[PDB]
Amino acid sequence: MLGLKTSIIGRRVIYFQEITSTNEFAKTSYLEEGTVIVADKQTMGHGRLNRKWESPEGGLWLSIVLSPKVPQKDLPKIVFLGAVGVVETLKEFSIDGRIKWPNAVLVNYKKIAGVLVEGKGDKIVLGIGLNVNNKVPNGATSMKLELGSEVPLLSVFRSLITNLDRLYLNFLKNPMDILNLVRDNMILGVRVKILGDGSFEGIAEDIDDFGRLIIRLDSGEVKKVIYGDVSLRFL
């Protein structure tokens, strides 16, 4: 009854009034490529390292099952499809979303969305949490708060799925294209701090051909960051 006209993403959609986590359901269940798992609310939503992700009613909490036929070296780029898709959807609603490398989107430096990719070999799950009309934790924002009025949640869903389908289809053809879109919509030229096994500060210059964040430290040393288990903090 939804009438989606996408090629892969959105071929099937499983909607839940409530779920533990769309990412967990997607990783666990036997699902075909392109199936979207979406829920009004999540009771156990999470980000990286099992950190809690607040998922009250009003927001867009979904996961997409992907089976990309691409070399191992290209899989780390899937998170960017989610980040860019969100930025494109936000621009459609006239919201200035900017990417915080490599899995978040901010509006005036406040987090409005997060992306979490999980994958075991053949199946890759692309999880996206976007604050639309829901209450958010301090330090975050939502589409409603930015526009000053409620936004039709289904319209946001339709917009995002359409954008993601296009981005994904092109990714399979030209896996490098997404990097340019990330560059054009990411926060750069400002000081950041990388928190991993130890830490360091510097200017976030750009992302390289592998999607690694290029940081120039005050000494001039250049470091290439692979997100993994590191956190980026703005100064």
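One rule holds for the numbers: they count along the sequence shown, beginning at 1.
State which stretch shows the higher mean Cα B factor in the entry: 78-86 or 133-141. The recorded data point to 133-141.
Higher-B stretch (mean Cα B-factor, as the entry records it), 176-184 or 53-61: Mean CA B-factor is higher for 176-184.
Determine which member of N103, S155, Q72, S94 has the highest CA B-factor, using the values in the deposited entry. Highest C-alpha B-factor among the listed options: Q72.
Once the chain's modelled residues are ordered by C-alpha B factor and cut into thirds, is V151 in the lowest, middle or highest one? It falls in the top third of the chain.
Using the B-factors in the PDB entry, rank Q42's C-alpha atom against the chain and give the third, lowest, middle or highest. Ranked within chain, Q42 CA B lands in the lowest tercile.
Just say lowest, middle or highest third for the CA B-factor of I207 relative to the other modelled residues in its chain. Middle third of the chain for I207's C-alpha B-factor.
In terms of the chain's CA B-factor thirds, is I9 lowest, middle or highest? Answer is lowest: the recorded C-alpha B-factor places it there.
Going by what the PDB entry lists, where does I226 fall on CA B-factor within its chain: lowest, middle or highest third? Highest third.
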